[PDB]
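**Q** Below are the structure tokens for one structure; questions will follow.
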Amino acid sequence: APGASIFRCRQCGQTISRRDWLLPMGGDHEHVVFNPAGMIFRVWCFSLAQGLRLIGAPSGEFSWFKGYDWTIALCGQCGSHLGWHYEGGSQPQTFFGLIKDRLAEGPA
Ligand SMILES: O=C1CC[C@H](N2C(=O)c3ccccc3C2=O)C(=O)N1
Ligand SMILES: [Zn+2]
């Protein structure tokens, strides 16, 4: 009966990802980053996620991960901004960077 199994949207409980799907980009699944608006994010990288809605066309502008373009990822249920989907790169071609404090971790 594991308690650190899956990640849900902290605002509504939508299933989003799984601890098994953590991805160590540049040798670490956690990346502490800032956007141009000065906001700091503790981003956890996942190979896969579900229950999101990706908004707009990809952009390479200010990407925290070299070679990847990003799209905003909202919770598909409640609209909470949960992170970004990254695409266009290599090994892997795509992944998700999700904001740790916007997810709730718990049992499957
Ligand atoms: O990899 C990324 C993801 C998107 C991101 N980002 C933001 O969080 C943001 C907020 C306001 C205006 C523009 C940005 C954008 O480049 C960011 O800075 N880098
Ligand atoms: Zn939600």
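Chain labels follow the order of the structure tokens: the first chain is A, the next B, and so on; residue numbering restarts at 1 in every chain, and ligands are counted from 1 in their shown order.
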Using only C-alpha atoms, which residues sit within 9 Å of residue A:72 once same-chain residues fewer than 5 positions away are excluded, as a ChimeraX atom specification?
**A** /A:53-56,58,81-85
**Q** 10 Å from ligand 1 is the threshold here; counting only C-alpha atoms and all ligand atoms, which polymer residues fall inside it? Answer as a ChimeraX atom specification.
**A** /A:33-41,43,58-66,68-73,81,83-86,97
**Q** Take the selection from the previous step and output its residues with N, CA, C and O atoms, as a short mmCIF file (atom, residue, chain, number, x, y, z; two decimals), in the first residue's frame.
**A**
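Contents of out_8.cif, freshly written:
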```cif
data_model
loop_
_atom_site.label_atom_id
_atom_site.label_comp_id
_atom_site.auth_asym_id
_atom_site.auth_seq_id
_atom_site.Cartn_x
_atom_site.Cartn_y
_atom_site.Cartn_z
N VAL A 33 14.09 26.86 -11.38
CA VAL A 33 14.16 27.77 -12.52
C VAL A 33 13.38 29.05 -12.28
O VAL A 33 12.51 29.07 -11.43
N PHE A 34 13.67 30.10 -13.05
CA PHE A 34 12.88 31.34 -12.97
C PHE A 34 12.41 31.73 -14.35
O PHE A 34 13.17 31.58 -15.32
N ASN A 35 11.20 32.26 -14.43
CA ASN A 35 10.71 32.83 -15.68
C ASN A 35 11.07 34.34 -15.81
O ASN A 35 11.65 34.92 -14.87
N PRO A 36 10.80 34.95 -16.98
CA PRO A 36 11.14 36.36 -17.14
C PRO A 36 10.42 37.30 -16.19
O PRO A 36 10.89 38.41 -15.97
N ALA A 37 9.28 36.87 -15.66
CA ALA A 37 8.55 37.60 -14.63
C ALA A 37 9.08 37.39 -13.22
O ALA A 37 8.45 37.87 -12.26
N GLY A 38 10.20 36.70 -13.08
CA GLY A 38 10.88 36.55 -11.81
C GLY A 38 10.31 35.47 -10.92
O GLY A 38 10.77 35.31 -9.79
N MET A 39 9.31 34.74 -11.41
CA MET A 39 8.69 33.69 -10.62
C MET A 39 9.64 32.50 -10.60
O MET A 39 10.12 32.08 -11.68
N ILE A 40 9.86 31.95 -9.40
CA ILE A 40 10.68 30.73 -9.24
C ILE A 40 9.76 29.52 -9.25
O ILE A 40 8.67 29.54 -8.67
N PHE A 41 10.22 28.46 -9.93
CA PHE A 41 9.48 27.21 -9.97
C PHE A 41 10.43 26.09 -9.63
O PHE A 41 11.56 26.06 -10.14
N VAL A 43 10.56 22.56 -10.64
CA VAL A 43 9.95 21.81 -11.74
C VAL A 43 10.45 20.39 -11.62
O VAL A 43 11.66 20.18 -11.46
N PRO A 58 3.85 25.60 -29.78
CA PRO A 58 5.10 25.58 -29.04
C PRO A 58 5.97 26.81 -29.26
O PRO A 58 5.94 27.42 -30.34
N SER A 59 6.73 27.18 -28.24
CA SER A 59 7.68 28.28 -28.35
C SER A 59 9.02 27.86 -27.79
O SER A 59 9.06 27.18 -26.78
N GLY A 60 10.11 28.27 -28.41
CA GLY A 60 11.45 28.05 -27.88
C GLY A 60 11.94 29.16 -26.97
O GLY A 60 12.98 29.03 -26.33
N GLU A 61 11.19 30.25 -26.91
CA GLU A 61 11.59 31.46 -26.15
C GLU A 61 11.80 31.16 -24.67
O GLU A 61 10.92 30.62 -24.03
N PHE A 62 12.98 31.50 -24.17
CA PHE A 62 13.34 31.35 -22.75
C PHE A 62 13.26 29.91 -22.24
O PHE A 62 13.16 29.70 -21.05
N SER A 63 13.38 28.90 -23.11
CA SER A 63 13.22 27.55 -22.65
C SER A 63 14.31 27.20 -21.66
O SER A 63 15.50 27.43 -21.91
N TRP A 64 13.89 26.59 -20.56
CA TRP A 64 14.81 26.09 -19.54
C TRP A 64 15.57 24.84 -19.93
O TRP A 64 16.50 24.44 -19.22
N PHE A 65 15.18 24.20 -21.03
CA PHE A 65 15.76 22.94 -21.47
C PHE A 65 16.19 23.10 -22.91
O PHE A 65 15.36 23.31 -23.80
N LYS A 66 17.50 23.01 -23.12
CA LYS A 66 18.09 23.31 -24.43
C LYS A 66 17.57 22.35 -25.46
O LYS A 66 17.51 21.14 -25.23
N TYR A 68 14.46 22.24 -26.63
CA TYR A 68 13.02 21.99 -26.49
C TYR A 68 12.20 23.24 -26.58
O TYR A 68 12.65 24.31 -26.13
N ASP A 69 11.04 23.11 -27.21
CA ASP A 69 10.04 24.16 -27.28
C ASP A 69 8.97 23.78 -26.29
O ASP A 69 8.72 22.60 -26.07
N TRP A 70 8.31 24.77 -25.72
CA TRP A 70 7.30 24.51 -24.65
C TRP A 70 5.91 25.01 -25.03
O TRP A 70 5.76 25.95 -25.82
N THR A 71 4.91 24.36 -24.42
CA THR A 71 3.52 24.79 -24.45
C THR A 71 3.04 24.75 -23.01
O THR A 71 3.42 23.87 -22.24
N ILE A 72 2.21 25.71 -22.64
CA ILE A 72 1.63 25.74 -21.29
C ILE A 72 0.72 24.52 -21.12
O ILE A 72 -0.09 24.20 -22.03
N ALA A 73 0.84 23.86 -19.96
CA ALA A 73 0.02 22.72 -19.62
C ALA A 73 -0.89 23.13 -18.46
O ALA A 73 -0.40 23.42 -17.35
N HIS A 81 -2.73 26.14 -13.73
CA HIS A 81 -1.47 26.00 -14.51
C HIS A 81 -0.51 25.06 -13.81
O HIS A 81 0.04 25.38 -12.77
N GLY A 83 2.19 23.26 -15.38
CA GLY A 83 3.53 23.24 -15.90
C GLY A 83 3.56 23.46 -17.38
O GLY A 83 2.85 24.32 -17.93
N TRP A 84 4.42 22.71 -18.05
CA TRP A 84 4.69 22.88 -19.48
C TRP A 84 4.94 21.52 -20.10
O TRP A 84 5.45 20.63 -19.45
N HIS A 85 4.57 21.38 -21.39
CA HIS A 85 4.99 20.24 -22.17
C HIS A 85 6.10 20.70 -23.09
O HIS A 85 5.97 21.75 -23.70
N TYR A 86 7.15 19.89 -23.18
CA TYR A 86 8.32 20.19 -23.98
C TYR A 86 8.39 19.23 -25.15
O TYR A 86 8.07 18.06 -25.00
N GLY A 97 7.36 19.21 -17.81
CA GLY A 97 7.95 19.83 -16.63
C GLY A 97 6.81 20.36 -15.80
O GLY A 97 6.12 21.30 -16.25
#
```
**Q** Using only C-alpha atoms and all ligand atoms, which residue out of A:99, A:12, A:22, A:74 lies closest to ligand 2?
**A** A:12
**Q** Go through the chains and note each residue within 10 Å of ligand 2, using only C-alpha atoms and all ligand atoms, then give the set as a PyMOL selection string.
**A** chain A and resi 8-16+51-52+74-82+102-103
**Q** Next, dump the selected residues to file, keeping only N, CA and C atoms, as a PDB file, in the first residue's frame.
**A**
```
ATOM      1  N   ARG A   8      -1.671  14.113  -8.449  1.00  0.00           N
ATOM      2  CA  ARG A   8      -2.948  14.657  -8.841  1.00  0.00           C
ATOM      3  C   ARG A   8      -2.861  16.180  -8.809  1.00  0.00           C
ATOM      4  N   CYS A   9      -3.735  16.862  -9.538  1.00  0.00           N
ATOM      5  CA  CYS A   9      -3.841  18.300  -9.441  1.00  0.00           C
ATOM      6  C   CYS A   9      -4.211  18.670  -7.990  1.00  0.00           C
ATOM      7  N   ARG A  10      -3.444  19.569  -7.391  1.00  0.00           N
ATOM      8  CA  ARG A  10      -3.682  19.974  -6.013  1.00  0.00           C
ATOM      9  C   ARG A  10      -5.025  20.666  -5.823  1.00  0.00           C
ATOM     10  N   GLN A  11      -5.527  21.315  -6.875  1.00  0.00           N
ATOM     11  CA  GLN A  11      -6.804  22.068  -6.764  1.00  0.00           C
ATOM     12  C   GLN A  11      -8.057  21.234  -6.920  1.00  0.00           C
ATOM     13  N   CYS A  12      -8.006  20.164  -7.698  1.00  0.00           N
ATOM     14  CA  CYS A  12      -9.232  19.409  -8.025  1.00  0.00           C
ATOM     15  C   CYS A  12      -9.109  17.889  -7.985  1.00  0.00           C
ATOM     16  N   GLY A  13      -7.895  17.351  -7.901  1.00  0.00           N
ATOM     17  CA  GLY A  13      -7.705  15.926  -7.817  1.00  0.00           C
ATOM     18  C   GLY A  13      -7.581  15.151  -9.124  1.00  0.00           C
ATOM     19  N   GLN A  14      -7.635  15.847 -10.237  1.00  0.00           N
ATOM     20  CA  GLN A  14      -7.434  15.193 -11.536  1.00  0.00           C
ATOM     21  C   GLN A  14      -6.130  14.412 -11.546  1.00  0.00           C
ATOM     22  N   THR A  15      -6.174  13.178 -12.026  1.00  0.00           N
ATOM     23  CA  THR A  15      -4.944  12.377 -12.130  1.00  0.00           C
ATOM     24  C   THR A  15      -4.024  12.968 -13.174  1.00  0.00           C
ATOM     25  N   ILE A  16      -2.739  13.175 -12.848  1.00  0.00           N
ATOM     26  CA  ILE A  16      -1.826  13.871 -13.785  1.00  0.00           C
ATOM     27  C   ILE A  16      -0.632  13.006 -14.170  1.00  0.00           C
ATOM     28  N   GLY A  51      -4.371  14.008 -18.325  1.00  0.00           N
ATOM     29  CA  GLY A  51      -5.346  14.883 -17.678  1.00  0.00           C
ATOM     30  C   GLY A  51      -5.045  16.366 -17.814  1.00  0.00           C
ATOM     31  N   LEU A  52      -4.104  16.730 -18.686  1.00  0.00           N
ATOM     32  CA  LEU A  52      -3.748  18.128 -18.941  1.00  0.00           C
ATOM     33  C   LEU A  52      -4.427  18.608 -20.198  1.00  0.00           C
ATOM     34  N   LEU A  74      -2.181  23.136 -18.725  1.00  0.00           N
ATOM     35  CA  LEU A  74      -3.178  23.372 -17.660  1.00  0.00           C
ATOM     36  C   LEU A  74      -3.799  22.056 -17.208  1.00  0.00           C
ATOM     37  N   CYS A  75      -4.257  22.021 -15.975  1.00  0.00           N
ATOM     38  CA  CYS A  75      -5.130  20.916 -15.582  1.00  0.00           C
ATOM     39  C   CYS A  75      -6.327  20.898 -16.503  1.00  0.00           C
ATOM     40  N   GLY A  76      -6.600  19.726 -17.113  1.00  0.00           N
ATOM     41  CA  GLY A  76      -7.708  19.608 -18.039  1.00  0.00           C
ATOM     42  C   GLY A  76      -9.080  19.712 -17.410  1.00  0.00           C
ATOM     43  N   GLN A  77      -9.142  19.537 -16.094  1.00  0.00           N
ATOM     44  CA  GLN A  77     -10.384  19.575 -15.377  1.00  0.00           C
ATOM     45  C   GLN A  77     -10.675  20.990 -14.886  1.00  0.00           C
ATOM     46  N   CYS A  78      -9.727  21.569 -14.147  1.00  0.00           N
ATOM     47  CA  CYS A  78      -9.972  22.858 -13.453  1.00  0.00           C
ATOM     48  C   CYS A  78      -9.249  24.078 -14.031  1.00  0.00           C
ATOM     49  N   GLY A  79      -8.308  23.869 -14.963  1.00  0.00           N
ATOM     50  CA  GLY A  79      -7.607  24.988 -15.573  1.00  0.00           C
ATOM     51  C   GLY A  79      -6.387  25.479 -14.817  1.00  0.00           C
ATOM     52  N   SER A  80      -6.061  24.890 -13.669  1.00  0.00           N
ATOM     53  CA  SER A  80      -4.866  25.268 -12.890  1.00  0.00           C
ATOM     54  C   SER A  80      -3.613  25.139 -13.762  1.00  0.00           C
ATOM     55  N   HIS A  81      -2.729  26.137 -13.731  1.00  0.00           N
ATOM     56  CA  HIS A  81      -1.469  26.001 -14.506  1.00  0.00           C
ATOM     57  C   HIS A  81      -0.511  25.062 -13.814  1.00  0.00           C
ATOM     58  N   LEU A  82      -0.314  23.879 -14.372  1.00  0.00           N
ATOM     59  CA  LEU A  82       0.487  22.850 -13.709  1.00  0.00           C
ATOM     60  C   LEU A  82       1.915  22.734 -14.189  1.00  0.00           C
ATOM     61  N   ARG A 102       2.228  22.419  -7.123  1.00  0.00           N
ATOM     62  CA  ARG A 102       0.887  22.457  -7.690  1.00  0.00           C
ATOM     63  C   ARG A 102       0.255  21.077  -7.857  1.00  0.00           C
ATOM     64  N   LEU A 103       0.990  20.056  -7.448  1.00  0.00           N
ATOM     65  CA  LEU A 103       0.564  18.659  -7.485  1.00  0.00           C
ATOM     66  C   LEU A 103       0.423  18.127  -6.066  1.00  0.00           C
TER      67      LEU A 103
END
```
**Q** Kindly indicate which residue among A:108, A:57, A:29, A:20 lies nearest to residue A:42, using only C-alpha atoms for the distances.
**A**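 Going through A:108, A:57, A:29, A:20 one by one, the smallest distance to residue A:42 is for A:29.
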**Q** Determine which residues of chain A receive a DSSP assignment of helix (DSSP H, G or I), computed from the backbone, and state them as a list in words.
**A**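 Assigned to helix (DSSP H, G or I), within chain A: residues 19, 20, 21, 25, 26, 27, 100, 101 and 102 of chain A.
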**Q** Emit the selected residues as a PDB file, in the first residue's frame, including C-alpha atoms.
**A**
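Result file part-v9.pdb:
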```
ATOM      1  CA  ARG A  19       6.280   8.746  -9.547  1.00  0.00           C
ATOM      2  CA  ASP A  20       7.326   5.829 -11.822  1.00  0.00           C
ATOM      3  CA  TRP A  21       7.325   8.378 -14.714  1.00  0.00           C
ATOM      4  CA  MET A  25      16.808  15.476 -17.311  1.00  0.00           C
ATOM      5  CA  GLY A  26      20.455  16.534 -17.147  1.00  0.00           C
ATOM      6  CA  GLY A  27      20.899  14.041 -14.267  1.00  0.00           C
ATOM      7  CA  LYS A 100       5.919  20.306  -7.760  1.00  0.00           C
ATOM      8  CA  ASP A 101       3.878  22.461  -5.330  1.00  0.00           C
ATOM      9  CA  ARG A 102       0.887  22.457  -7.690  1.00  0.00           C
TER      10      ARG A 102
END
```
**Q** Work out how far apart atom CA of residue A:96 and atom CA of residue A:17 are and give it in Å to one decimal.
**A**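 Pair atom CA of residue A:96 / atom CA of residue A:17 returns 9.6 Å.
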**Q** Run DSSP on the backbone and tell me which residues of chain A come out as strand (DSSP E); list them as a compact mmCIF listing (two decimals) with C-alpha atoms, in the first residue's frame.
**A**
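Saved the output as selection.txt:
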```txt
# COMPACT_ATOMS: atom_id res chain seq x y z
CA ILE A 6 0.63 9.14 -8.18
CA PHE A 7 0.40 12.87 -8.67
CA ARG A 8 -2.95 14.66 -8.84
CA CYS A 9 -3.84 18.30 -9.44
CA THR A 15 -4.94 12.38 -12.13
CA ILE A 16 -1.83 13.87 -13.79
CA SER A 17 1.24 11.64 -13.51
CA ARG A 18 3.09 8.96 -11.54
CA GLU A 30 14.16 18.41 -10.18
CA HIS A 31 15.10 21.72 -11.82
CA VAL A 32 14.82 25.02 -9.97
CA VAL A 33 14.16 27.77 -12.52
CA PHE A 34 12.88 31.34 -12.97
CA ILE A 40 10.68 30.73 -9.24
CA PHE A 41 9.48 27.21 -9.97
CA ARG A 42 10.62 23.88 -8.62
CA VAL A 43 9.95 21.81 -11.74
CA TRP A 44 9.86 18.02 -11.73
CA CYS A 45 10.34 16.37 -15.09
CA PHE A 46 8.12 13.46 -16.12
CA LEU A 52 -3.75 18.13 -18.94
CA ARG A 53 -4.76 20.54 -21.67
CA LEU A 54 -1.94 21.98 -23.73
CA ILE A 55 -2.50 25.57 -24.83
CA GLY A 56 -1.21 27.28 -27.95
CA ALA A 57 1.62 26.52 -30.31
CA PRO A 58 5.10 25.58 -29.04
CA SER A 59 7.68 28.28 -28.35
CA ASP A 69 10.04 24.16 -27.28
CA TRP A 70 7.30 24.51 -24.65
CA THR A 71 3.52 24.79 -24.45
CA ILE A 72 1.63 25.74 -21.29
CA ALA A 73 0.02 22.72 -19.62
CA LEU A 74 -3.18 23.37 -17.66
CA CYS A 75 -5.13 20.92 -15.58
CA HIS A 81 -1.47 26.00 -14.51
CA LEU A 82 0.49 22.85 -13.71
CA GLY A 83 3.53 23.24 -15.90
CA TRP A 84 4.69 22.88 -19.48
CA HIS A 85 4.99 20.24 -22.17
CA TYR A 86 8.32 20.19 -23.98
CA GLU A 87 8.80 18.96 -27.54
CA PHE A 95 8.58 15.41 -21.74
CA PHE A 96 6.58 17.33 -19.14
CA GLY A 97 7.95 19.83 -16.63
CA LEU A 98 5.39 20.10 -13.82
CA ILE A 99 5.42 22.48 -10.86
CA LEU A 103 0.56 18.66 -7.48
CA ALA A 104 -0.57 16.42 -4.62
CA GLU A 105 1.22 13.10 -4.25
CA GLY A 106 -0.59 10.05 -2.90
```
**Q** Record the distance separating atom CA of residue A:23 and atom CA of residue A:2, expressed in Å with one decimal.
**A**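 Taking atom CA of residue A:23 as the start and atom CA of residue A:2 as the end point, the length is 19.9 Å.
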